[PDB]
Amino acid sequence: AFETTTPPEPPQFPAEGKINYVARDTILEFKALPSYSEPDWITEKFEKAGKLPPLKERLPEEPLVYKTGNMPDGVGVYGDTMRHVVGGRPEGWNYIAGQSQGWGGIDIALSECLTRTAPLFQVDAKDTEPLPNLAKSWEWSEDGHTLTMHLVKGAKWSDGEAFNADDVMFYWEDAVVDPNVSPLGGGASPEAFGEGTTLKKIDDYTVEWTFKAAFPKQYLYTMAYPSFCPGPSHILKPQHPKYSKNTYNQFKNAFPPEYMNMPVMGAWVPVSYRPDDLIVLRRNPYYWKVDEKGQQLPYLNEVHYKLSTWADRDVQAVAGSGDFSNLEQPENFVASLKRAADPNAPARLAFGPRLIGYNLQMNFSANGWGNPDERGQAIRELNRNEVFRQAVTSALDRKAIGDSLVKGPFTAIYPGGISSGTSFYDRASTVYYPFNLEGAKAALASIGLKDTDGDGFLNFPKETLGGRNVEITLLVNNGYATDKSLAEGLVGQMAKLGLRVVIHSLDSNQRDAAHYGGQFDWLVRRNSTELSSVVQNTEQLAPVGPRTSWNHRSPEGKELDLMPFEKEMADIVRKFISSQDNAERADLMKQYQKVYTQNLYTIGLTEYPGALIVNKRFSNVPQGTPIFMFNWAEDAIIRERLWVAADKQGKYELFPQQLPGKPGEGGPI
């Protein structure tokens, strides 16, 4: 019915990075050093005064050592604060039970994971093994069904309690496996680690994975942020319903934002919270990472998270009051570029490849996900109809969508699927449905949708919902001008096609609950890592498990109502996960792209590049860091390795020469 082609090549984007490509093992290694050091005030006021054990006793026998060769500016010096600005708000500290701490890097810094992938933008390959983090090493069995994983040994939580296999086991059994606990991010279901996957404790520093498939090496990426980042089991386990009288909601909410010094494996500990104002973190004296000179990380003593808006983060970063931003909203591009064009500018700004994409996602569950009413059920049936999807995508004037955000070479025609900025992308495999409003109108008439009351809006046939007007709800994230502008643009374009679309605008926390609970017809969403990188959270590319897909999940308790193209996509993704053949993997992503875009698994709105904004006083910021690839730039830049030269340091510490207090107690000690 439609004359499909490939999407047109966008304008050339001059100077992205450039990235200084390195080999995987140039960044870090685990080893003992001859001696260790720390800020002088810790030795004088805490160690010598009895208050803390000497540094060597606090560290693992073999800490994680950052290699000097990979440091952009070399070994650092202690001091200063990194000031972040966020549009989110904390719910509390229970990350593994699905509570947000405010986004914008806070949970990334607090909740460290088994592996780490964000700094891998500097390795020029897509078969890179994730960096060891809380898991120091691992080995595959000969048959590839068993993965023996060795943990960092001798590391402690920020309160001095030992980190070991008990924390790993508690997260796996009582958060992942437990169907009443869902970690933050919408992922981390048991099937995200493979169907029938088991994890068992061997000893205090050894765990063992058992996989149905042979060598599913892709799951090492799933073990990084956000899906395998354990909480302090000694604090959380006594609050869990399996070991107490608490309900699941009581367990989820047992650590509100007012609860101080929540134990972490991260470089800084939350010490202060003021509603709608600020979160202050102070250096963790038990941090288990050091530089090659034996200096215990982080270099920065303090981190701030100013509670504001996402657009204010850009404003503060270019003004110099904020130290970091991911410039990701096109309506802020011109003003940010103008302010950064001044040679006296306090911050540096650098655009990367086109990795920020937006999709229209349709709820594909016709078997009760989100318990829809008669109206909602009739929309699910239209969403599952391929002619309806072809009409919706063909009624979009993608050039006009791009123009509505920003002029210039930023936007690209985006039909959906894998981002054009990543190496697995193939233009020839991308099905583009050009703007054909007349063809879209004929396609809807062919499935029995026609305006029977002269109001310009299409009615269902008399057999469905008494022949009333089709009414579609659109779930939108209220925190971003981009999301809201795209939603408004979509409503106008659908009105021309004859479909009535109603915006349901919600704040982040409520938006995530409505989405993951399946309480939506359609939604507007910025793409997560699987479309920007393929290799990070690959399970999110298709409904490989009952809850791995963003738009097709099963209600509890029920199975998936997969359409044939979705089963073909699930098969491609599972084959990719267990393949170590580069040529086969590239071919599988071409087939994946083709099936996705031909069948309209989602409908692309637009795609463009973002820019990293960092205050100039910071040393060790890697060149060409993208804002979003394997993770957000807050992770990729390795904040625990950043430093400021003594003569350039700001004097912004709110708790200078202080360390975190005890969990559930007072302010910094």
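For the two forms, the rigid core is made up of the largest set of C-alpha atoms that agree within 1.5 Å on superposition. Numbering starts at 1 and runs along the sequence shown.
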Could you check whether 45-53 or 605-613 drifts more from the shown form in 4 other deposited structures of this protein, using RMS Cα distance once the core is superposed? 45-53
Quick check: by Cα RMS after rigid core superposition, does 560-568 or 124-132 differ more from this form in 4 other deposited structures of this protein? 124-132
Mean B factor on CA atoms, stretches 97-105 and 198-206, record says higher is 198-206
Compare the mean C-alpha B-factor of 592-600 with that of 370-378 as given in the PDB entry, and name the stretch with the higher value. 370-378
Among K558, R283, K289, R116, highest Cα B-factor in the entry goes to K558
For the CA B factor values reported in this entry, which option in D483, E142, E530, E302 has the top one? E142
Going by the recorded CA B-factors, say which third of the chain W41 sits in, lowest, middle or highest. middle
Sorting by Cα B-factor within the chain, modelled residues only, which third would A32 end up in: lowest, middle or highest? middle
Name the third of the chain's ranked CA B-factors that contains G402, choosing lowest, middle or highest. highest
CA B-factor placement of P10, once the chain's modelled residues are sorted into thirds: highest
The third of the chain into which the C-alpha temperature factor of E47 falls is the highest
